[PDB]
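These notes concern the structure reproduced below.
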Amino acid sequence: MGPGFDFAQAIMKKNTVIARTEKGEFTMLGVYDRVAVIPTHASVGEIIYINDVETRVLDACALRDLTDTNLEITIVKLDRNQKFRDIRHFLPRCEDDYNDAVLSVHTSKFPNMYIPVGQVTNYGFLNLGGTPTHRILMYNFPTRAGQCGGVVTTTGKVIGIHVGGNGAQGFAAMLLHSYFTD
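Residue 32 in the deposited numbering sits at position 33 of the sequence shown, and the numbers go up by one each step.
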C-alpha cells in the first residue's frame with residue numbers, strides 16, 4: 000500500500016523460501032549464497048524441506064551471545080543448486096529501536112501475508128518458552144502460530160525474524176550484519 004510494504008514485498012519475492020522441519024512450516028529468510036536463517040525452535044536436522052524439495056543441510060549453527068545466552072537464530076547452509084540475492088547490506092550493524100515495521104509471512108497456510116506492526120522496541124532480555132533469550136525486538140501486535148520465521152523490515156532495513164508472542168505482543172530475534180561476515 001506504501002513504501003514500507005514495497006520494501007517488504009521486494010524481500011519476500013526474492014529472499015524467502017518455505018522451510019519444513021519435524022516441528023512445522025516456517026518462513027525462512029535467505030541472506031546470501033546458500034545461507035539462510037530460521038528460529039532455533041524449528042530444530043533443524045541433517046535434512047530439511049525447502050519449497051517441498053528434500054534438501055541436505057551442509058551446516059546449522061544455533062547462535063548464542065558471548066554471555067552464552069540463546070539468541071533464537073539458527074544459521075543454515077543449504078545444499079541448494081541456486082544462490083540467494085545478497086541482502087547483507089540491508090542488515091543493521093547495531094542493536095536499535097525502529098518505527099513503522101512490517102512483519103511479512105509466506106507459508107502454505109498464510110501466503111503473501113503483510114502485517115504493519117508499527118513501533119519496534121529493543122526489549123533485550125526475554126524468557127522465551129522458558130529459555131533466557133537476548134537481543135529481542137518487541138512490537139504491539141497480537142501475532143499467532145504460523146508467523147514464526149516471519150521477516151521484520153523497515154523501509155531499507157531487514158531487522159529481525161519473528162520467534163514468539165504472548166497474545167498481545169510479538170517478539171523477533173535481531174538480525175545483525177556481523178552474524179553473516181564471511
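Beta carbons: idealized from backbone N, C-alpha and C, even for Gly.
Residues that DSSP places opposite residue i in a beta bridge
i	result
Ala59	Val75
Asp5	The partner list for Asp5 (beta bridge, DSSP) is empty, contrary to what the question assumes.
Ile135	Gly123 and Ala172
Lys156	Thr153
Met112	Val104
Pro38	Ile72
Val52	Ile49
Alpha carbon of residue i to alpha carbon of residue j, nearest angstrom
i	j	result
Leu125	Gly164	11 Å
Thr154	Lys22	32 Å
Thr142	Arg55	31 Å
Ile17	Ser103	13 Å
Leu90	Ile160	12 Å
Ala144	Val162	10 Å
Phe6	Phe83	17 Å
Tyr97	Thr120	7 Å
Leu62	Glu24	21 Å
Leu70	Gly1	32 Å
Integer-rounded CB distance, given that residue j should sit under 8 Å from residue i
i	j	result
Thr26	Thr15	6 Å
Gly117	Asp99	7 Å
Quick test of the definition: if touching needs 3 or more C-beta pairs under 8 Å, does the stretch 142 to 154 touch the stretch 97 to 112? yes
Mind the definition here: the stretch 125 to 140 touches the stretch 170 to 181 only if three or more C-beta pairs lie below 8 Å; say whether that holds. yes
Would you be able to state if there are at least three C-beta pairs under 8 Å between the stretch 67 to 85 and the stretch 33 to 48? Yes, the stretch 33 to 48 touches the stretch 67 to 85.
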